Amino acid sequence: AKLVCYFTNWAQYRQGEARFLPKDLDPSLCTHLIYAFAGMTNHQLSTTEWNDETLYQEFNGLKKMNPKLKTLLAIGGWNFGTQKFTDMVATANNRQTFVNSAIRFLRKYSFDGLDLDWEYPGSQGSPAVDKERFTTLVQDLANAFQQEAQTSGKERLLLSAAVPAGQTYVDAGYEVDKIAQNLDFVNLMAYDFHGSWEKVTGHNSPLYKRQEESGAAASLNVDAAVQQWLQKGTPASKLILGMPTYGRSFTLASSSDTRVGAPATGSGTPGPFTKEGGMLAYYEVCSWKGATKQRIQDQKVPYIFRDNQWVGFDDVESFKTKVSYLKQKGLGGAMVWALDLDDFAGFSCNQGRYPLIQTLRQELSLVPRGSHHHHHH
């Protein structure tokens, strides 16, 4: 099994106990660590934060403590836009520029691979031709990584992609069966299914549909997303199920209707550390005083409300349920967004350090046999 965990290079700017740096990383928690995010300049891989080079050394230096660990660098992300990807894949020359830059950059900074996080080919302003061009990019990278391994004698660079769960995006951008052959693994973003862009409450990451749902809404859940990627041609062993250590919040129209599907007037109040309305870290919901926790019985995930605030999130129990699910489907492991949104320092939830991600590690049977300081949940 794999446990693929994302580090974010902006978590270093959170205040107080929520501040997160590579030293807060446990080298033995995950099997693969992915660094979010790199960018692109003149079709070449580039840093995005003033101290990335410092952080890259600390991050990849974790492999000194755990030589089994693999690291990857993720390019793009949800605020990166599409134009730089579109322009880079538009010609063979630009793709070659990018591919060669990626090899040099990853080797220079001691990363073991590249994770593609374009949101998304064929959508959000990207033209329809980018669906086939993304396929070509993935093929170009895979082929070049193979060649560089042969010529250099070094372990081949890994290639992964973070891919959407929603059918609209999948069909506009992803030749699933073709790309799956060339990717080492596929990081399924099985979250952001619902949120405050909608006028009623709904869960960030439900495992199954609600009985009431129909039409396209009935596929906005983890099981449907997994089945979609499998049926469209992803080998189960390559499909890595995303898991959120955050929730999505709503302001309710009335504190007297707290159901899933109740009317909402907008995003929930921002959290005290993450400061982004509509989102909360697990550590910002796990210890919410005077709140009422509930479970959505069809969907196998919790929500919590207090006054006119409603949050759908994941807890230890829902992570256990989702790992049981992924094992039943024969998937390659779990992926987690993100290290810095779990209670990484044990400062909030009274569940020790990394309670959610340790739950994933346990349930995947990835606990080191040498480990002394782990906590079973």
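Between two forms, the rigid core is defined as the largest C-alpha subset superposing within 1.5 Å. Note that residue numbering follows the sequence shown and begins at 1.
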Task: Between 75 to 83 and 254 to 262, the one whose CA atoms sit farther away in 6 other deposited structures of this protein (rigid core aligned) - done: 75 to 83
TODO: Can you let me know which of the two, 237 to 245 or 105 to 113, has the higher average C-alpha B-factor in the entry?
DONE: 105 to 113
TODO: With reference to the PDB entry, specify whether the mean Cα temperature factor is higher for 145 to 153 or for 291 to 299.
DONE: 145 to 153
Open item on the list: Per the entry's Cα B factor values, which of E284, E132, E119, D192 stands out as the maximum?
Closed with: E132
Task: Candidate set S267, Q231, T201, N93 [ranked by C-alpha B-factor, highest] - done: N93
Open item on the list: Using only modelled residues of the chain, where does the Cα B factor of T48 rank: lowest third, middle third or highest third?
Closed with: lowest
Task: Chain-relative CA temperature factor third for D340 - done: lowest
TODO: Sort the modelled residues of this chain by their C-alpha B factor and say whether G271 lands in the lowest, middle or highest third.
DONE: middle
Open item on the list: Lowest, middle or highest third: which one holds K70 when the chain's residues are ordered by CA B-factor from the entry?
Closed with: middle
Task: Ranked against its chain, the third holding the CA B-factor of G81 - done: highest
